[PDB]
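Atoms considered below: every heavy atom in the structure, side chains included; atoms not considered: hydrogens, waters and symmetry mates. Letters A, B, ... are given to chains in the order of the sequence lines, protein chains preceding strands, and every chain is numbered from 1.
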Amino acid sequence: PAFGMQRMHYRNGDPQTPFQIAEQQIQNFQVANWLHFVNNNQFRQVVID
Amino acid sequence: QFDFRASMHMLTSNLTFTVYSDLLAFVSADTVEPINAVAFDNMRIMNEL
C-alpha cells in the first residue's frame, strides 16, 4: 500500500515467503535491501570451545 | 373351435434374476481434505492463509 502496489495474492504453501516475493517486486532500494537481509538473515553454525 | 394342441405354446423366460433400484446405494463416496481440494486448473480452490 505504501508503494501503490496491488495487494499480494499469496498462496498458502508457496515455496517462497511473502518477503521473498516482495524483494523481487519492490523497486525501492532501501525496502528491497532490508527485505533481502531479512530473507537471508540466518544463524551461523560454528564450533566454539 | 378350441384346439388344445394348437393352443399350446412354450413360453420362455429367464430362470431367475434379481432387480436393483438404486445403483448409487452400492457406491460409498468420500471427499479429500477440503484444504487440499483442487479446481479444474489443478490448483487448490482456496489458497489464502
If you group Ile, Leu, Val, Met, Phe, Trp and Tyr by side-chain heavy-atom gaps below 4.5 Å, do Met5(A) and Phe19(A) land in one group? yes
Same cluster or not: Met46(B) versus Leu49(B), using hydrophobic residues (I, L, V, M, F, W, Y) connected whenever any side-chain heavy atoms lie under 4.5 Å apart? no
Has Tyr20(B) got more than 12 heavy atoms of other residues, nucleotides or ligands less than 6.0 Å from its OH? no
Are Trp34(A) and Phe29(A) close enough that their ring centers fall under 6.0 Å? no
Take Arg44(B) and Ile35(B), measure what side-chain contact (heavy atoms from CB on, under 4.5 Å) needs, and give me the verdict at the end. CA-CA 8 Å; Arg44(B) 279 170 186 79; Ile35(B) 208 77; 5.5 Å; no
Should the heavy atoms of other residues, nucleotides or ligands under 6.0 Å from CZ of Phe40(B) be counted, would the total exceed 12? no
Let me see the working for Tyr10(A) and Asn47(B) under side-chain contact (heavy atoms from CB on, under 4.5 Å), right down to the final yes or no. CA-CA 8 Å; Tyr10(A) 183 76; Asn47(B) 288 279; over 6 Å; no
Is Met43(B) atom CE crowded by more than 12 heavy atoms from other residues, nucleotides or ligands, each under 6.0 Å away? no
Hey, does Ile21(A) have a side-chain heavy atom less than 4.5 Å from the side chain of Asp14(A)? yes
Can you tell me how far CE of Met8(A) sits from CD of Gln25(A), rounded to the nearest 0.5 angstrom? 7.5 Å
Between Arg44(A) and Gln42(A), is there a donor-acceptor pair closer than 3.5 Å when you use the side chain of the first and the backbone of the second? no
Between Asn39(A) and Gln20(A), does a side-chain hydrogen bond (donor to acceptor under 3.5 Å, both in side chains) hold up when you go through it step by step? CA-CA 6 Å; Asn39(A) 288 329; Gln20(A) 288 170 358; 4.5 Å; no
Using the side-chain contact (heavy atoms from CB on, under 4.5 Å) rule, take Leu35(A) and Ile26(A) through it: C-alpha gap first, then chi angles, then the decisive distance, then the call. CA-CA 9 Å; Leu35(A) 277 165; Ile26(A) 293 284; 4.2 Å; yes
Donor-acceptor pair, side chain of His9(B) and main chain of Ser7(B), under 3.5 angstrom: yes
